[PDB]
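One protein chain, two forms: both are listed below as structure tokens, the first as structure 1 and the second as structure 2.
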Structure 1
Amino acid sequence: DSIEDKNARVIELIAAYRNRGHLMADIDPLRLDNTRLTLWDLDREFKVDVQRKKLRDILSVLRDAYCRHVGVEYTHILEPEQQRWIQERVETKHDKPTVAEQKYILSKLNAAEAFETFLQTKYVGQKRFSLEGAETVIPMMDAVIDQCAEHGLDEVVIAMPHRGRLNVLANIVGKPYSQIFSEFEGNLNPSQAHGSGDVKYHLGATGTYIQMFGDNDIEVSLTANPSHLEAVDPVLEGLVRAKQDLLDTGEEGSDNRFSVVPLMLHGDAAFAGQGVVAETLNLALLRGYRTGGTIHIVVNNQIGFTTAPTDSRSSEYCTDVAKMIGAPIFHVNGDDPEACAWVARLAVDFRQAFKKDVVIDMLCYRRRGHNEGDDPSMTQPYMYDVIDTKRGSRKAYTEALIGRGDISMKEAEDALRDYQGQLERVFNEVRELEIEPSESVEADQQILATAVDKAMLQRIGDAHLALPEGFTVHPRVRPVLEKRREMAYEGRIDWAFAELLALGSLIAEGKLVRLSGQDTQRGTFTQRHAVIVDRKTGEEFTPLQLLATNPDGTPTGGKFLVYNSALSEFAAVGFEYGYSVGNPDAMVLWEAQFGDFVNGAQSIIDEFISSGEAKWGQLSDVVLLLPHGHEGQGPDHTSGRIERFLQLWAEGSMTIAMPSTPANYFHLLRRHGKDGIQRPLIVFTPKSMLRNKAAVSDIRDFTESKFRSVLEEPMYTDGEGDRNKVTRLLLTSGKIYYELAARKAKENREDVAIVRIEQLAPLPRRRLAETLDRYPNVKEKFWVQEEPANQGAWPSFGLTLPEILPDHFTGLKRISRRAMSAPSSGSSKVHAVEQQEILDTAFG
């Protein structure tokens, strides 16, 4: 009504465009959804933040920035400087691309569409999950990578699903067309045939991107992945984080460049529905997981196979999950490749300025069916009636560039004729060039002293008392530090100290050690104390970090990276798997709170850890620490599901162990870090046995011994025990050994021997046969276990042991809990009665 009233209505209007203008922006190239102050005041001047501008001018700047082909979501960001940064770059006149840059974009759209159309012609009946209707993804990714090269970064690491995967591999990464054509030909040379393999749209590649108009180059990698959509997200993060740590960039680096950029592509239905997306975004700013911001690209073809977005998500945008970490979101029209390239460059600039994630929602469509053989009009007839009227983005942009006067019709035709002639000469060459069953990858990696000097044990012990000046140790943490120095010099080394002796000795030898998991710094069972907290100030101290410096003051090259993970299994296990792939020379350990929670990461275990080598030739040396054992804490605090990992095992893909002594655990970890084999290690670790006074080791077991896959009772190897008196053999693994040994001693049963299987997979066949041959008077052999009959090692051992060793194990019987639906009973009293029945049966 007044001057103060009008100037106030304008400020609300400005805010309305900045907050909700994205809901009006012309972002959908299909235009499916139909429902998507006075006139004298437009020429009046108003106060804007400090200059005076006309309302018409304020309105035109706002409609240009927020209501054209780019929908900007940023007012949810809590940091005001990030809101100002976006506002300043979005609310200004944008410099038009040069004719050369426009021609370059069209060349990318040409190769994108001509690649898809060549495959439709040659291999009409072969699934390729085409990028048709989304070809702008190619110039957009090219702009992301080019912008990264402009900032002088070292590498872009890509992870993506099926949508236009082959197109990306050929036109962004640089994977030869001959290789991609040999895969459709179904004829692979012995190197491409090796292992069991995977489908062509799961494969990765590496290359060097060279700037078209710049002088920089950048490494471009694409990681392998399963069909399981979004499963590769935390794997990419881990991979990038390991590479950043090697380059001394990022979080654990001297420079704050985060010079390895994660570029993560997603489908619209997969991005909204999969939980691992939220779990992975939740890591984006964590000290132990951040990679300085990921560039996310959502290929939003407004469809997920036959499912409409209305049935796929409960939110406006498929990208709304990214608001949880305050990521800016750019919804961009896939038919405007210049707006797509510009947004991609802005996204990289934002990542570089704030070391935070950025989401690009590319609104497009899927020209053909879900796969190339599918008819989408059965379920989406309206959408496909609209798509059938739509001229592709390539034709649209070509007609735009001719009208502008940039290129001629002849120049456009010739450019496509050249590219079509090139694909045909490559296809002919491969076509011009016997299928056998897949072979096991076991022999692919074959290959050891793990003992350390007394001085090394003493150094790791002393490190626990080499406290900074003034440091106030918690009075209940102080005895751990003092008892460890004593253990290092006097023996009776417990499990938790043996672990740190192995990690510390590896650090001292120059190895990078990464250890993480839930409450892993202290230890779930208050046993580790890898990090100690000053009682008065809260300052942290990591005793093992002192081992990264030689006594002369020089660095060993080693480092101790220990973290408390977020409350995740899927993303945390994915990340550590990725980290180990990213740095094969690192010692990477992930610890479950209890092994019962690793089933939250079942997709990682099944799709990456146990099978990644056979499927993609991708090697990982990740260690999974799974606290395991029947102690009466209930069905979710008892089992690490040994039977599942043993079932998954084949082709020597993993090592699976359940060590019974601290020294054997020490040697197992050192063998794993020093063997030069990149294969995952699954370890079933103790809980109560951490504080079992019988479960301790002598210094000579660390300094003069090695890993023992099979263990005999000390009375026959280092004592006065007679192996010829033994009539009954009890074969076992884990903590049940001490309970059986205590019963044998109590009853003086010289007729019974207890043999421990420390390495569950691969089965130590020769070692087991050699050990059993030392007991010639054995009349009966029993596999004894705590676990229910359908769980533990019995389901695999009961079947494999009589087969691999018939002369030793024909007639092998089982002593265990009954078969159970849950891993144990809920009552500790019921556990106690069942545990005593096992001991009574074994000695009956």
Structure 2
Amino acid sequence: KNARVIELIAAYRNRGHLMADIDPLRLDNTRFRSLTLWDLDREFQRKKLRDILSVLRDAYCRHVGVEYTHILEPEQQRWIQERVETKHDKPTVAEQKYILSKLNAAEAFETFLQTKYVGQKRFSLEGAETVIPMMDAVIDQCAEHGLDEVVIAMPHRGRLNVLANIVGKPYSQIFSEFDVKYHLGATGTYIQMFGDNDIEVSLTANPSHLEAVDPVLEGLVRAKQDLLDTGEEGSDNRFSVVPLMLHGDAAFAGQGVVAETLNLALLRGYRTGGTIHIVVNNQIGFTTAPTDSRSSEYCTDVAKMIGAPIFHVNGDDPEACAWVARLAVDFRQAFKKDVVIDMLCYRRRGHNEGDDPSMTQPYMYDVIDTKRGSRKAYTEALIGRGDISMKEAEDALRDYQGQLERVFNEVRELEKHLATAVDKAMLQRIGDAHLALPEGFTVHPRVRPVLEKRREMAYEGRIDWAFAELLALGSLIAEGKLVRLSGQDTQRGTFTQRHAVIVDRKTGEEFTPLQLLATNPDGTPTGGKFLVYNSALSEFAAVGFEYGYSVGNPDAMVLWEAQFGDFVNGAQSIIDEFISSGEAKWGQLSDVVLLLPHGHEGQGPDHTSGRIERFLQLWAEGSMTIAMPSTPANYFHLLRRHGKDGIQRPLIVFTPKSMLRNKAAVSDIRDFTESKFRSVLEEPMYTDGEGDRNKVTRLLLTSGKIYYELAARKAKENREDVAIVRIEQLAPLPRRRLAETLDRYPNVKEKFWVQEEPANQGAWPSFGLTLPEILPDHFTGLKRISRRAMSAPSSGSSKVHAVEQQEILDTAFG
């Protein structure tokens, strides 16, 4: 008999959520319908069975469905049951009236929005108003913990309601020159009603693409946490900036970026100390029923991936919703992990204007038509329970009416009215740092020559690409800049060229040479920092995160590196919806850098191209900088210009692979100490050598590593009649520098754009159309030399590649 009690306790803890009264529509008519009575007064801590069962039913089978026994941490399971399996204190009339006032503000906003403006039906929060007192309780609990800020990310349902009743934006600013308003960022201050603290509340900008903003929010919060010296890269472990992420039930279950973002939750390079998730679960996805949207019992079942606790709550019980919200903030503060709140509600109206939702969901909408709103339900529940009087309930209807009048009145009143060069001592210092090993550190035998070669390069020259990159980042850290670098295997580098972090051969202890540059020679800090990480095997969440990080800290140098440029198409929604277009659409600026290893080397269609043609197609004046440098020094100056120009604009860099080790692709010390970024490059024989530009009759215009192959061929045949000009900055086109460079070759009879990429790829589709228009006296008659148009970036054969590469070189000198 005593063992059957233990199994009964576990059954309520494990599966009680399946019998909880969480659906305010009660659609499932089989949910509830599918030891002895003398054992109830027997004692089994010693408590009677009737008392054990009453605690279990109240905790697990009322308006809150708790999912927590999947959590592997026993201390976390114990923490939840200790707060859930107790007789809770009923809220004070003041707290209940405050919750009612929030529901009054929410429903008064939705009534106005629908009655005053046209085409607002799709933004309607009606049937889900309880999310306003729930979000209020989240932010108020964060202020109770003395935290610094809450950053919200959400889809567009109830967004202006959130702006007015959560962010605290006035109606004069919200409805000023009144649909882009449902995607813009906002910032405000939350002041506690019954407390003495305040907290910053901000809402991040987003596209229509549901859940795409999820990793953006995380990066943005992480950047703010790093600035406030809180969290993983902070002195305290408070993680004082809280991500509050809102979702829809269909989108939460169907979008892969949800799993990718949850996968970042505890990573040292990406953790934000736990996200508070709120799913506005109105049990519908436009016309689609949940049975066609997911293969699991709950829309939130993906969150079990990271062992997050889940609370299914009845959206018609605003007190249970406010209680769960506060418990969620307390759990996040105690364990630095994600908490998911699944708010079960309904969508009162159609999804949009042309929707009669009884066409596709006739049963759901026969039940929703008999439903009276949450505000009215809660007013009636408070009257029944004896908590408020008739006068008090009527006064709450007087508060509703007043809030409805104020928004109609306020809106009525509103309608009536730079050098990038460094000193040789800076290069030497970055070189010396690679040998300034901690006491007793063991370098791996194959890493030691790289360190010694870097000291040699810093003092003697022949600086390679990999070191030039670290010279740029190291000099920025020495000047006080925060640098964040990440990507797949970025600490070592895909091509074993970086070694930004080196690992002790015997202990596994990490050493970061560039971090020594954050301290001045006198011993004082520079204000700079080097944050280098290996990313998860993700493109979409990682690129979203880095974009978000640069928005969070405009003063940070943020670089994301693709393993190969070919895999960046996995992050196309971020490129399309945030990076390339956020500035023009929302006034949101980002200085994020994307490093894309690019080049035809015979390694196949997924190890050859970062799709230059796609970034060039996305480009429009001042949206991005797109470059393909051919020398280490020009790359060094490109990164330093980007970090010091005071302009917030993304930089797309097509980076080398075998050209990292090309002995001709090296730079002299003077190229770093007495030069600047060169958008257009001539051959050294004309600028430093004894070459004669007047002998040139054929001009080859190119970009990237093919330059070295063209230069080698010219040198082999002694072709003084051919000159090779490189376009280092692909976008914006360096019109003036290009014109001035070409004017130095007066006897040119023919001009050719030479590229490795197929004819429908690389720079030709845009340059072939743009160059003859922007410079008609220079490029009228411009012809193309490249691979044939292909449906893939290249051939699968390294043999077919080698024949095509030779064909390009032979055509250019034919």
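Each form is matched to the other, and the largest set of C-alpha atoms that superpose within 1.5 Å is called the rigid core. Residue indices: 1-based, along structure 1.
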Tell which of 320, 519, 154, 406, after superposing on the rigid core, has its C-alpha displaced by 2 Å or more between structures 1 and 2, please.
-> 406
Once the core is aligned, please say if the CA of residue 178 is shifted by at least 2 angstroms between structures 1 and 2.
-> yes
With the core lined up, does the C-alpha of residue 126 move 2 Å or more between structures 1 and 2?
-> yes
Just checking, between structures 1 and 2 and with the core aligned, does residue 425 shift 2 Å or more at the CA?
-> yes
Cα of residue 372: shift between structures 1 and 2 in Å, core-fitted?
-> 4.6
For residue 651, the CA shift between structures 1 and 2 after fitting the core, in Å, is 2.4
By how many angstrom is the Cα of residue 470 displaced between structures 1 and 2 when the rigid core is overlaid?
-> 1.1
